[PDB]
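Here is the structure we will look at, set down as structure tokens.
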Amino acid sequence: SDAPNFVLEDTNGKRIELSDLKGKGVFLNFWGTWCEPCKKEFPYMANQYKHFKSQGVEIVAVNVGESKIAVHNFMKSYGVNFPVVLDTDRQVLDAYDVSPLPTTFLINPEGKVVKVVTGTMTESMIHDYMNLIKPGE
């Protein structure tokens, strides 16, 4: 199924449209600072991103309704080095019908969702998930 398109601003105020990432694999992660597991998983995602960014995998971590400052503080505290967007009114979350947080939609270069992941992700799992959606090499 096609991943619902959306437009949100990243933490730097830059406009990000999902459809603009076609051709690349997208690790679409919905999260909140109240998700303790993200304190563990974000560093893992950042560590793997050091490798997969140059493999054509992009991460779009959609924060669910929190302020720019609260998000920026969490990014600084937990070593984020990947794109984070602000779903200020939770409309994108609702569009994806996401309930458990965090939830990750693995989107292939075609823009189709190939897997939906929820629950604890080890760094090994995150590594394998990024390998699943990478466009080449």
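By convention here, the chains of the structure tokens are called A, B, ... in the order presented, each chain's residues are numbered starting at 1, and ligands are numbered starting at 1 in the order presented.
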Taking a cut-off of 9 Å and counting only C-alpha atoms, can you build a table that, for each residue of range 43-106 of chain A near range 27-30 of chain A, reports the nearest atom pair and how far apart they are in Å (one decimal), sorted by chain then residue number, as a tab-separated table?
residue	atom	partner	partner_atom	distance
A:57	CA	A:27	CA	7.2
A:58	CA	A:27	CA	6.2
A:59	CA	A:27	CA	4.6
A:60	CA	A:28	CA	5.0
A:61	CA	A:29	CA	4.5
A:62	CA	A:30	CA	4.7
A:63	CA	A:30	CA	6.0
A:64	CA	A:30	CA	6.7
A:93	CA	A:30	CA	7.3
A:98	CA	A:30	CA	8.0
A:101	CA	A:30	CA	6.6
A:102	CA	A:30	CA	5.4
A:103	CA	A:30	CA	5.4
A:104	CA	A:29	CA	4.3
A:105	CA	A:28	CA	5.0
A:106	CA	A:27	CA	5.1
Report as a short mmCIF file (atom, residue, chain, number, x, y, z; two decimals) with N, CA, C and O atoms, in the first residue's frame: the residues of range 19-101 of chain A with a DSSP assignment of strand (DSSP E or B), based on the backbone of this structure.
data_model
loop_
_atom_site.label_atom_id
_atom_site.label_comp_id
_atom_site.auth_asym_id
_atom_site.auth_seq_id
_atom_site.Cartn_x
_atom_site.Cartn_y
_atom_site.Cartn_z
N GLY A 25 14.94 4.83 0.37
CA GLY A 25 14.18 4.04 1.32
C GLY A 25 13.87 5.02 2.44
O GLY A 25 14.69 5.89 2.74
N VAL A 26 12.69 4.91 3.04
CA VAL A 26 12.36 5.83 4.13
C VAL A 26 12.00 5.08 5.40
O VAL A 26 11.12 4.22 5.41
N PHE A 27 12.72 5.42 6.46
CA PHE A 27 12.52 4.84 7.79
C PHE A 27 11.66 5.90 8.48
O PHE A 27 12.17 6.84 9.08
N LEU A 28 10.34 5.75 8.35
CA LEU A 28 9.38 6.70 8.91
C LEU A 28 9.00 6.30 10.33
O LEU A 28 8.20 5.38 10.54
N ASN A 29 9.55 7.03 11.29
CA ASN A 29 9.35 6.75 12.71
C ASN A 29 8.50 7.79 13.45
O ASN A 29 8.81 8.98 13.45
N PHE A 30 7.41 7.33 14.07
CA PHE A 30 6.53 8.20 14.85
C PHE A 30 6.95 8.04 16.31
O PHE A 30 7.09 6.91 16.79
N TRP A 31 7.15 9.15 17.01
CA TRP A 31 7.61 9.10 18.40
C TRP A 31 7.18 10.28 19.24
O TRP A 31 6.63 11.26 18.73
N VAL A 57 19.19 5.59 2.26
CA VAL A 57 18.12 5.43 3.23
C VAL A 57 17.98 6.75 3.96
O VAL A 57 18.98 7.34 4.39
N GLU A 58 16.76 7.24 4.07
CA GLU A 58 16.53 8.48 4.80
C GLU A 58 15.62 8.17 5.98
O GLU A 58 14.74 7.31 5.90
N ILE A 59 15.85 8.87 7.09
CA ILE A 59 15.02 8.70 8.27
C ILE A 59 14.17 9.95 8.38
O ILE A 59 14.66 11.06 8.16
N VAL A 60 12.89 9.78 8.67
CA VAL A 60 12.00 10.91 8.90
C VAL A 60 11.32 10.57 10.22
O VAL A 60 10.37 9.78 10.26
N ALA A 61 11.82 11.14 11.32
CA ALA A 61 11.25 10.87 12.63
C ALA A 61 10.19 11.91 12.96
O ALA A 61 10.51 13.05 13.31
N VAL A 62 8.93 11.51 12.84
CA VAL A 62 7.80 12.39 13.08
C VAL A 62 7.47 12.52 14.57
O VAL A 62 6.99 11.56 15.18
N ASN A 63 7.72 13.69 15.14
CA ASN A 63 7.39 13.89 16.54
C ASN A 63 5.90 14.17 16.64
O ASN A 63 5.36 15.00 15.91
N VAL A 64 5.24 13.49 17.57
CA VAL A 64 3.80 13.63 17.74
C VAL A 64 3.33 14.76 18.66
O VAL A 64 3.26 14.59 19.88
N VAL A 84 14.09 15.26 11.75
CA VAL A 84 12.97 15.17 12.68
C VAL A 84 11.96 16.21 12.24
O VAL A 84 12.30 17.38 12.00
N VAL A 85 10.71 15.79 12.08
CA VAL A 85 9.67 16.71 11.67
C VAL A 85 8.64 16.87 12.77
O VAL A 85 8.51 16.02 13.65
N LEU A 86 7.89 17.97 12.72
CA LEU A 86 6.90 18.25 13.75
C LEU A 86 5.45 18.07 13.32
O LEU A 86 4.90 18.89 12.59
N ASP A 87 4.83 16.99 13.79
CA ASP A 87 3.42 16.74 13.48
C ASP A 87 2.69 17.48 14.60
O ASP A 87 2.10 16.87 15.49
#
Top pick for closest residue to residue 135 in chain A, considering A:33, A:48, A:108, A:118 and counting only C-alpha atoms: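 Closest candidate: A:108.
The closest residue to residue 65 in chain A, picked from A:133, A:45, A:114, A:8 and counting only C-alpha atoms, is A:8.
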If you measure from CA of residue 37 in chain A to CA of residue 54 in chain A, what distance in Å do you get, rounded to one decimal? 26.1 Å
Check the smallest atom-to-atom distance from each of A:38, A:46, A:130, A:7 to residue 80 in chain A using only C-alpha atoms, then report the winner. A:46
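CA of residue 112 in chain A sits 24.3 Å away from CA of residue 32 in chain A.
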